[PDB]
Every structure is written in structure tokens, then in C-alpha cells.
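The chain below stands alone and is given as C-alpha cells, in the form deposited in one PDB entry.
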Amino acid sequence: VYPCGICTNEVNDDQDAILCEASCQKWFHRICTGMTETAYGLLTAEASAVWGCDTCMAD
């Protein structure tokens, strides 16, 4: 049972989800982050890229 770092609801297997590897290590709904399907597609396909949530990037 993983709470969405943004909206705080469960992150089920049937949804689009992404992990902050900048720091906080939380899972988030792709929808909640504001990340487009295309950005998701490309970022997860890209070997040398990782994602960071917005609070994690601010500091």
C-alpha cells in the first residue's frame, strides 16, 4: 500500500506511477505530477535519466 506523495491515495498496479529518485523516494501518480504520457514514456525508456519531484528539486 503506497500513498501518492502528492494526492495521498493508493498507487495501484493498474495506474501510471513514478518514483522520485532525487531523494524523498516516494511513488506518485503520473497524472498527479502533471507529467504527460509522452514525458513518462520517454523518461522511463531513457537509460541515464531519473525523475525528481518538485519539493526535492527546489532544495
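The first residue of the shown sequence is 1; numbering continues from there.
Just so you know, the form solved in complex with a partner chain exists too; it's not on screen, but the next bit is about it.
Trainee: Mark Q15 yes when one of its heavy atoms lies within 4.5 Å of a heavy atom of the partner chain in the bound PDB entry, and no otherwise.
Mentor: Contact with the partner chain, yes.
Trainee: I'd like to check something about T44: if you look in the bound PDB entry, is any of its heavy atoms closer than or equal to 4.5 Å to a heavy atom of the partner chain?
Mentor: Output for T44 is yes: heavy atoms within 4.5 Å of the partner chain.
Trainee: Even though the partner isn't displayed, in the bound PDB entry is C24 close enough to the partner chain, meaning a heavy atom within 4.5 Å?
Mentor: No, no contact at 4.5 Å.
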